[PDB]
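# Analysis of the macromolecular model
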Amino acid sequence: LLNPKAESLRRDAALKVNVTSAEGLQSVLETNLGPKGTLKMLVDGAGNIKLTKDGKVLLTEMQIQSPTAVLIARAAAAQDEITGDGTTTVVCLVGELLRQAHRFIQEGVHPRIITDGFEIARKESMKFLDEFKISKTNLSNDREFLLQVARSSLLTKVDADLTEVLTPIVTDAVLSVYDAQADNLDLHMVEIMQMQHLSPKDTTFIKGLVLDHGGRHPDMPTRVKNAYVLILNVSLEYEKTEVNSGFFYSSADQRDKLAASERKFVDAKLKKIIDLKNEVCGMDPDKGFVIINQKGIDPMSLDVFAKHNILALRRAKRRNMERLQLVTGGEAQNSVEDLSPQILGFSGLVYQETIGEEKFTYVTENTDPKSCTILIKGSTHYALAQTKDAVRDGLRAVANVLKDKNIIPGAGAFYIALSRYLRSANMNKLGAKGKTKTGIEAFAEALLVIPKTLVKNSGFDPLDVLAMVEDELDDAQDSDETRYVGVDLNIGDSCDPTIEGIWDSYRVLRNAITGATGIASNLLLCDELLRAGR
Amino acid sequence: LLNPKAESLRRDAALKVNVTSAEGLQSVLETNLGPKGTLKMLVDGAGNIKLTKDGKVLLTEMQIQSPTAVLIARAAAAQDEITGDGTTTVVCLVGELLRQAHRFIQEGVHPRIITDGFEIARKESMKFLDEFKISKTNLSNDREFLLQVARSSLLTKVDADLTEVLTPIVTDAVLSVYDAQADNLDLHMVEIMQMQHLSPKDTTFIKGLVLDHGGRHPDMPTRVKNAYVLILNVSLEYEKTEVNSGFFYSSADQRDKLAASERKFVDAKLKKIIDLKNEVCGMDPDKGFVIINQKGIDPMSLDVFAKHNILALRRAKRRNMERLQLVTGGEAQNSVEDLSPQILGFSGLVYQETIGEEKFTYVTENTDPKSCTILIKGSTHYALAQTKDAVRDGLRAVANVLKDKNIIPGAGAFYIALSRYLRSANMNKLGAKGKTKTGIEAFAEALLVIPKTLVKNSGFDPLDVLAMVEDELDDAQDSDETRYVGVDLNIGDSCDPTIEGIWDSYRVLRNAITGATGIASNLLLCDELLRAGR
Amino acid sequence: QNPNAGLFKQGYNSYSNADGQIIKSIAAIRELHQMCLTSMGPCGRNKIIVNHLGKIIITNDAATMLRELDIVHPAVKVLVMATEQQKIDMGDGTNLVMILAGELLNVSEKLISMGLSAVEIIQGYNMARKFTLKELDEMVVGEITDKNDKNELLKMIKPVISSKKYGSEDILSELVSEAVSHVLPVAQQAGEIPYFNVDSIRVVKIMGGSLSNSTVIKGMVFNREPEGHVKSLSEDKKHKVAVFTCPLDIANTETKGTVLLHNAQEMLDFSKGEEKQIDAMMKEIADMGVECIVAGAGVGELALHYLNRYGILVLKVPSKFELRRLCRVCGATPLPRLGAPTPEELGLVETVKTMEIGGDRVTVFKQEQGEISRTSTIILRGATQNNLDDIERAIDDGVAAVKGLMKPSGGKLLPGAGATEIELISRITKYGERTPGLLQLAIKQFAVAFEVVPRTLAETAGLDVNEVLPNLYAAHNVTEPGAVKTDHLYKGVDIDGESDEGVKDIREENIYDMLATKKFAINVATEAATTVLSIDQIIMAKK
């Protein structure tokens, strides 16, 4: 049963390849899990080395011919768009679930019964999912609990020293953008900017917006406190005639007169701008005037604006002009003829942080900015790439906490309890089927991979901690009270995940159990592999 | 770390090879396990064919290069020296116990906890062994139950058609040599002799002793209802003078005179033998006289003995002459001069079965023979070897029932119950250790190999038949009573092993659990495999 | 670099059941099965066997072939020893047990590829074998009354000669049945004493002539010459014969008696001594009334000369096996010594003469209606010694076939030439539908396995296989107004030699096989077929 230029793997031989295909992808990603995970290198082929612990960036940068890992990577990409966290968690659940299933495949169990046992246990897992979850209050004074959610998304990908740096940055970034009510939150209002020349531990949060081009003149004020803002669209630099012409000077001084006469049209608008500062808080302290003007400005106007102590910006990004319009409040002024003091906005202290090569102007201390900025600092591109992965996944982690009022404790508390749940429930219930008991038991034993590999990457004996946690759960059930138990990676014993502050999102775990079950199910449904047309 | 001519397997890969080598022997010998198993054939290279399902008889005839299977072959050798049956069962228990431990070895569990968990489970197995065992009455009227023990022994080594033939033969063989009033029995009293040129279904039981050399003369009696037996050491054939002499005859008639004068010494003893028949019960009906005489008999005496209708045997084995002292009771007569009617013994029907190539003499129907004979018939050599292996294993299996008053129900009743017991006991007890739970659970799951193998050779679904037994055990446990459950290989459902008549010896299962645990533990205790001179 | 799994034993070769050895074992047996497919039947083929001693022979019988072939492979050795099991207890069925057990394995492969367990395959044949052996008891048509008539022997011997030597069937039937009737005594209602020994019929063959010149005589026939000057005895009945174990020469002393020579005077006395003593010994022996001396040992020169003057026929028989059968005829007994021919030790024979057979003269031993003989001899004549030797093998199997008629229900018969085969197939399918369970798959394949015998006879005869098969089915499948299907069960596989069409009735040519041979062949072949399926692995090791 063959034709030329074809390959076929049939009669359970495809199952041994597909399960091994999952064991190969699992062992690679088994190294990095939780805060004890590992760092990997990704070569794009252009010579740029990128170090990241995020499974989202890993699966996209690597090319795998194995079709089993392709479906895992494609399904994890859907999980990365929905959950945004726990990419490795999904892979570890799929691989181990196929390993426990492959042992029953060698026993002669049909894969449909194995997949049916996973779907029945998944429906019972969703019932325990709603029972085990903890309902968190909607109060926005919960920052203490947000400090626990932050450490969950931070400690994983960082040395834990950048955690204390990024903890006040991420937590203040979400609550500043989020108004107090139930409405929504916008992650686009938080800008992510990267800079060099300074250590990553000095990364700071920017309440306002950050920009590159500053006022160029030695005498311009560096620090201006509580100044009015002007958004100006008109070019203050030298202009030329729209039609071809020339300047013919009879005398040497006439050459400067013709140049001053052409700039007089721009100088006429320049006089109307400086009269606005003389009209409003010219000599008044704690008040100033700033020119964010979008188009270019010649050095002659920069010298005039410096004598007035006016900060003058030129060649500003078009997107930032609309963003600074909402942050500062001042409307965009196309023509100076319509310039009025009521159009001017208001901002707080504007101070230029000037390194050797570059100058940084800060818009911060705004009345109603409604836009934040996270400025990522690093000496090399390694710290800039690793921090950007922690910021993007850190903001989306807290974002799912305000959108979903339900939260679940982490540290394997959900996986160990549910595995013990299906073990004791299926024996008491016995309402599924006799042959389904294999699929249910394999699914319950496969979910132990996360708490086993989490402490395995920590170095502690997994058999010891899983025994102490199981004994503590049995002692908790004998005392007849609710006790949440989780693994402690630093000490190696058990602990309380609610006290330790380790929490897992509800939407992440809801799509992880349902997603990993659907991934491994479709892989067991493949009896034969076929390669044709090649 | 090496010197010339050395090979060493050091790390955990060494133990993986020893287990895998033991897993290879398991797959070979699991096919012949149970009455539904397969019959293996052996060839010594010289053209000898041997058909046996016994584990040791196979292992002793095969040469194994694998060092792990050699220890199993040495362990199976000690099982036959003690139990005599179940050598294949021990192999299936050792291999699967290593496979179930291999899963935990890959988890990083040290083999000491694995071996210590087997010893703790072995002690609990012995505690369950005393509670699960059944005490059988010493009464010898239990033949109805012995018919069930015979089937348990026979159905394994035969097609089940020879079972109905060998069941009355083996059962009558043990009880006939079994002494009354709870004494012991001697299996040496039952003689096993093979013959050719008849079908194996014609195998019959011989209550007395059978002799090879029969009386040669056409007028010898076919059957004698009752006869007086004479055991004689005196030669009845032509002899020579004790001192050197010669016969010089002038005529042919003188030569007959010298020949008759020399035979006259034998004829004088011949007249005392034939007159002794008329001396005691000569004219009495249902009386006869038989000559088993050891030394040769000339055809001249055979013609005289034929006229008297006396069966004359010659050239008898010296060992068989001593057996007739116990079977018949007649004393050995060294000299005819001292011959007396008190020396002769009494026997029942003696009939010579005449086959063209072979003549048979039956000493049967004796007052106190105290020796049996099993005559095995077959056309070929392998038909005699397979039946002889079933008789030797059948006589010892029934002998262990009378010697050991304790009995255990078969059909996996001890294996399935102990596997379910140890799993539920360790959870309620919890008196071993937390890490020992792996070794205890691995042993309980390793006890399922026998009931899964019996249905594997039968072809039935092992998962379906096991769930039906677990449902019956759970229903019997909830009903609060004692119900022994076993797997029915013919129908495929469960069965009561007490009603179906499938019984296993107590000594077989006592040394099997202890023997398989000690050997499998010693294999796990191996740290390094050293090879010298290879 | 590439490892190897499955072999841990001493670098040997052992096929696991997962590798499909049972399918491979059947394939190896299928090579031997095709050898017997061209053997069975009168249209079968002959195979030339070149011995390692430089002797070229040709024979139809496969049991002789298996003895000339060196059998090693274990799956083949089972049927070879099963063929020897067919060779004992009967003289026919050598090609029956080989083809039958070979096809039982052929149809077993279709069940193995289906996934049916080999144990469930063996269990299916064991249940179907008991259904067949029980039905064959009711499928019997006639039964031999053991009348021992010549015409009754022609009915049994005629089909036995077929499938071995064809065209000589009717000619050899009158020759074999005549010699058997001479050994068979006249008795009825006596089953206690067995009779009809195979060695009681001797077969001698001389080159020349044809089968038309072959005759049947009552007595033993010896190829040795009449050493004495008397070629033949008279026509007077009851001549006395003395069988001597001691050679004919001067008698010796039972103690020592070693001849020694010292001086030439003793040598002259040794010649005259042996001259007077032998003349005195041969005299007194001939004076006892014995006219024929059969010497089992050598005969001296002077001892032969003196018996020629007394008219004593001297015939030497060095073979002790022929002297034993000579005692059952003449009645004489061998004497270990010489010089005392006791008349009670002497026998009687009517005619001892020398006849020319095929151009060579041989001295025979015979009788006419007196001093009854338990041993007969068939004298065969033919031009080709090769084919004439194969005639002797067909007669010996015909004598063993008559030995198949005895007390253990041997007289029962069944129609042959595929007549019983096709009928038995429809009767087993009747058992298949009535027996519920998975056995239906094994029972039906058990009946299909019996289609090899009728297809074999049609294939070797040049007939069209596609045409003969439905003619066999349509003949045994009829619609009758009742439970018993009546007139004609006699439709067989027709071996024509003629032109036109169809099958024939067994009653026409009276060609059938006895029930004793067919019932024993099926039981052994099925047990041998279920035996091969019992071995899923073989292991060879150093003894």
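Here is what the cut-offs are and how they apply
Residues numbered from 1 in each chain as written, not as in the entry; some residues may be left out. Chains lettered and ligands numbered in written order. Part of a larger assembly, values for the part shown. Heavy atoms only, no water. Pairing = 2+ DSSP bridges. Helix = DSSP H or I, 4+ residues; strand = E, 2+ residues; numbered from the N terminus. Axes fitted to C-alpha atoms, helices over the stretch in contact; angles between N-to-C directions. Contact = heavy atoms within 4.5 Å. Domains from an automatic or database assignment. Buried area = accessible area lost by both parts, 1.4 Å probe. Salt bridge = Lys/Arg side-chain N within 4 Å of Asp/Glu carboxyl O. Polar contact = N/O pair within 3.5 Å; in protein donor to acceptor, adjacent residues only side chain to side chain. Nonpolar A, V, L, I, M, F, W, Y, C, P; charged D, E, K, R; others polar. Parallel < 35°, antiparallel > 145°, perpendicular 65-115°, else oblique. Left-handed = near helix turned anticlockwise from the far one by under 90°. Buried < 20%, exposed > 50% of the residue type's maximum accessible area, 1.4 Å probe, protein only. Least-squares fit on C-alpha atoms.

All names here are of chain A. Across the sheet, which stays open at both edges, the three strands sit in the order 5-16-6 with mixed pairing between neighbours. Strands with a single pairing partner mark the edges of an open sheet, and in this sheet they are strand 5 (190-195) and strand 6 (204-206). Neighbour to neighbour, the strand axes of the sheet diverge by 25 degrees on average, direction disregarded. As paired elements, strand 5 and strand 16 (residues 372-377) share six bridges and run parallel to each other. Directly across from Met193, in strand 16, lies its bridge partner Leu375. The sheet contacts of helix 7 (residues 161-177) involve strand 5, strand 6 and strand 16, and relative to strand 16 the element is tilted by about 160 degrees. Of the strands in this sheet, strand 5 and strand 16 touch helix 11 (residues 381-403), which is tilted by about 170 degrees from strand 5.

To continue, consider the domain arrangement of chain C. Residue and element names in this part refer to chain C. Here the domain parsing of chain C yields domain 1 (1-143 + 412-543), domain 2 (144-218 + 371-411) and domain 3 (219-370). A C-alpha centroid distance of 28 Å is found between domain 1 and domain 2. Counting residues at the interface gives 21 residues for domain 1 and 20 residues for domain 2. In total, about 1800 Å² of surface goes out of reach between domain 1 and domain 2, with carbon and sulfur atoms giving 52% of it. If you look at where domain 1 meets domain 2, you find two salt bridges. The salt bridge involving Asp397 is made with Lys87; its shortest N-O contact spans 3.8 Å. Across the contact surface, domain 1 and domain 2 share eight residue pairs in polar contact. Counting residues per element, the ones that place at least two in the side of domain 1 that touches domain 2 are strand 2 (56-59) and strand 13 (512-514). The class makeup of the residues in the side of domain 1 that touches domain 2 is eight nonpolar, eight polar and five charged.

Right, let's get into the interface of chain C and chain B. Contacts between the two partners involve 39 residues from chain C and, on the opposite side, 42 residues from chain B. Between chain C and chain B, roughly 3500 Å² of surface is buried when both sides are summed, and carbon and sulfur atoms account for 57% of that area. A per-residue breakdown of the area chain C buries against chain B is headed by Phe8, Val119 and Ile539 of chain C, which together make up 18% of the total. At the boundary of chain C and chain B, one finds four salt bridges. A salt bridge links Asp161 of chain B to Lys130 of chain C, with the shortest nitrogen-to-oxygen separation between them at 3.3 Å. Elements represented by at least two residues in the side of chain C that touches chain B include exactly helix 3 (74-87), helix 5 (118-138), helix 17 (515-532) and strand 14 (538-540) of chain C. Two elements, strand 2 (residues 40-43) of chain B and strand 14 of chain C, share three bridges in a ladder whose sense is parallel.

Residues and elements named next belong to chain A. For the pair helix 4 (residues 87-105) and helix 13 (residues 436-446), the least separation of the axes is 9 Å and the interaxial angle reads 140 degrees. By the angle class used here, helix 4 and helix 13 are oblique. For the pair helix 4 and helix 13, the crossing hand works out as right-handed. Between helix 4 and helix 13, the contacting residues are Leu93, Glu96, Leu97, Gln100 and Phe104 on the first element and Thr438, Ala442, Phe443, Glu445 and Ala446 on the second. Considered class by class, the residues forming the contact of helix 4 with helix 13 number six nonpolar, two polar and two charged.

For the rest of this paragraph, the subject is the pattern of salt bridges. Within the structure shown, the criterion is met by 84 salt bridges over all chains. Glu124 of chain A is paired through a salt bridge with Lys429 of chain A; the nearest N and O atoms lie 3.0 Å apart. With a gap of 305 residues between them, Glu124 of chain A in helix 5 (residues 111-132) and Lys429 of chain A in helix 12 (residues 413-429) connect regions that are remote in the sequence. For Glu124 of chain A, a relative accessible area of 19% translates into the label buried. Here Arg423 of chain B ties to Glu445 of chain B by a salt bridge, and the two come within 3.7 Å at their closest N and O atoms. Highlighted residues: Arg423 of chain B in helix 12 (residues 413-429) and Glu445 of chain B in helix 13 (residues 436-446), separated in sequence by 22 residues. Linked through salt bridges whose partners overlap, the residues forming this network are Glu441 of chain A together with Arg103, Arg423, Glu441 and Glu445 of chain B.

This part is about the relation of the copies chain A and chain B. Least-squares fitting of chain A to chain B yields an RMSD of 0.8 Å, with the transformation described by 0.0 Å of translation along the axis and a rotation of 180 degrees. Taken together, these values place the two copies in the relation of a two-fold axis. Rotation axis and chain A: the residue whose C-alpha lies nearest the axis is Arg103 of chain A, separated from it by 5.4 Å. Comparing interface residues between copies, 85% of those in chain A also lie at the interface in chain B; the contact surface is shared.

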